[PDB]
Structure formats: structure tokens, C-alpha cells
């Protein structure tokens, strides 16, 4: 239900642990330069959409996915760290830019084992590049399953 307010539920795109941005080894992320949110220690390979919206941001390199909900708030899923460097290697995407997706849809499949050696970190950031409703009332931390609620942007 919705009563004088609508919130945004964010799911986990893979299996693993939700950790904080401060636990991310990258100035841009850990410092929240572009926005806030959290991260994930991918246990699984499949990364799924955290919400429903338009893949407004995608790339040939397949390492980062931008989804814009009907509300305009944009959330960015960014697999690991430095992954742009890989020129799309180990990534098998299933989406294209401008595509509309449903939360829990698969975005891509990452060769985590491979990628994990090539880059500084596979810890994957989830940031809201644009909100307004800029409050994460709750971020569920700890061990999660893909498709679990993990945060509320209320």
C-alpha cells in the first residue's frame, strides 16, 4: 500500500553482502562525489536490475548500467572498480541503452573470477545519481539474496 507518500524500493542485483560506500576503494565512490547509496560484494555473477526504469546509461564496455525510473531519480549500478578498462571483457550483457527494464531483470553476466584479477575491486556500487527524494530511510545491510529489498528512497 501507499498512504500520502510513495517510496522507491531498491532490490539486490546479485547475491552477496551490502556494504557501505566507505568500504569502497575509490575516491569517486567512497567520497560520494556523484551521489549516495551503497555497494555490494557480488557472490553471484548475474547482476539484475534494482528497480524498473529506462536503461538511460549503458555502454559498449557493459560494466555500468544507468536506470531512470518514471520519477526521474537515476540510480547507477557499476560492477566492480576500473572495469571500463576491460573494454567489455568478461561481461555478457543482455540489455541495450534506452531499453526499459523491470526490477529483477538480468542486466549482464560477469566473469567475476576473471574480472576479479584484472581490476582493483569487484565490489559493485549502487548510487543514486539523481533523486530529489534524497532520503534512504533504510538500507538493509549484511548478507542478501538477489531480489531482496535493500533500501528505501522515500
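Numbering follows the first chain given and starts at 1.
In this entry, 82-90 shows the higher mean Cα temperature factor of the pair 82-90 and 51-59.
Looking at 31-39 and 112-120 together, the entry lists the larger mean B-factor for 112-120, computed on C-alpha atoms.
By the numbers in the PDB entry, the CA B factor is greatest at 24 among 24, 144, 139, 11. The entry lists a Cα temperature factor for residue 135 that places it in the highest third of the chain's modelled residues.
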